[PDB]
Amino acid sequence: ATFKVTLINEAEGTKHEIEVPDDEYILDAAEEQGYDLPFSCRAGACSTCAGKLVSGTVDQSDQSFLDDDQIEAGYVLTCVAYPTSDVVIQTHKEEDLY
């Protein structure tokens, strides 16, 4: 499957539509398609690449920084998140979390 992922940067008021394989991380696909996004460790261990879901689901089982309450609130570490549906996600959300 290949899922439609919509990246929303609220502070800048931008929207980008990308297509992400079910076996590729969202951040990697975004970059390949010309859309740079924040990151540092690329290993699910910091919050630099955090996003927040608007709709849809991800598999971010490789992540280790976010706690269960943050996951239930919709936060996602985009560097280790595979889409499992079409997704709409707000990017640049780390400031929510520090």
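Start at 1 with the first residue shown and count on from there.
Comparing 69 to 77 with 34 to 42, the higher mean C-alpha B-factor in the PDB entry belongs to 69 to 77. Set 6 to 14 against 81 to 89 and average the Cα temperature factors; 6 to 14 ends up higher. Ranked by Cα temperature factor within the chain, residue 50 sits in the lowest third according to the deposited record. The PDB entry assigns residue 62 a C-alpha temperature factor belonging to the highest third of its chain's modelled residues.
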